[PDB]
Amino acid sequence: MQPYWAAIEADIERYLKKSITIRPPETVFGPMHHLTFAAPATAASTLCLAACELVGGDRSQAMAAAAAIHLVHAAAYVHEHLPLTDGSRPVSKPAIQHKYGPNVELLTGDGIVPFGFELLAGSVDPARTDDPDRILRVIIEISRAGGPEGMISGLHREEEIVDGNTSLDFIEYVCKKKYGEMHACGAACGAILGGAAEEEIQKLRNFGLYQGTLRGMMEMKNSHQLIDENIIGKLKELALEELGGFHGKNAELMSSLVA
């Protein structure tokens, strides 16, 4: 519950730095490296590696997916903090600093997302016969979760939140969309890449879904003072119950985030 989770973030990082070498033209790769690592890590990638190991796979078998999920998150993160001239997007009080200009952040965001899919396609080991189908499936999972009906829906509806005038039901929904979809995605992918069966996958997917909603639910707790102890408790049960069929530490270590 302490060193394990840490090492995962380190391995994912070590892998991204290995894959993203600042080189010529530094005008493209300087911002690409910066913005990828300036983005706060997301538990959806961690969850991806943990689910892979949980079902028995080797950590590397899901490293490409984990990095692709981080990259999708990093690109959305960059884009959601873009200084916009028309004031269409709500003024985010916690103003991230900008080392590069809007134009450069926007395009870099557009180059990071495809790098995720590049890593994934590029992680196919021709010597591993199950590689194609599993990675194909994962590309569908990640592209859906970061797409219009996943994360983007959450990012879009998030702009409707009035800091002290929006219900907890609406906030919970924005979190399931903004974070839950992606967490579910990562756990589902880790399970797929690990060789898990459909039943296992759906369970872990479900778990991730509640897990991420719960996590994002807190990313805002320190903002919308209304977080009734009931929501976080309802999501925990739904999550911890979905694990019914997976016992042990890692099979009960996933639940180290619902603490």
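From 1 onward, residues are counted along the sequence shown. Between two forms, the rigid core is defined as the largest C-alpha subset superposing within 1.5 Å.
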> So if we fit everything on the core, which stretch drifts more in 6 other deposited structures of this protein, 75-83 or 94-102, C-alphas only?
Replying inline: 94-102
>> Using the rigid core for superposition, please say which stretch has the greater CA deviation in 6 other deposited structures of this protein, 227-235 or 204-212.
In response: 227-235
> Averaged over C-alpha atoms, is the B-factor higher for 166-174 or for 97-105 in this PDB entry?
Replying inline: 97-105
>> If you average the CA temperature factors as listed in the entry, which stretch comes out higher, 185-193 or 86-94?
In response: 86-94
> Out of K234, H34, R59, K203, which shows the largest CA B-factor listed in the entry?
Replying inline: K234
>> Per the entry's values, where does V55 land by CA temperature factor relative to the rest of its chain, in the lowest, middle or highest third?
In response: lowest
> Lowest, middle or highest third of the chain for the C-alpha temperature factor of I227?
Replying inline: highest
> Comparing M220 with the other modelled residues of its chain, is its CA B-factor in the lowest, middle or highest third?
Replying inline: highest
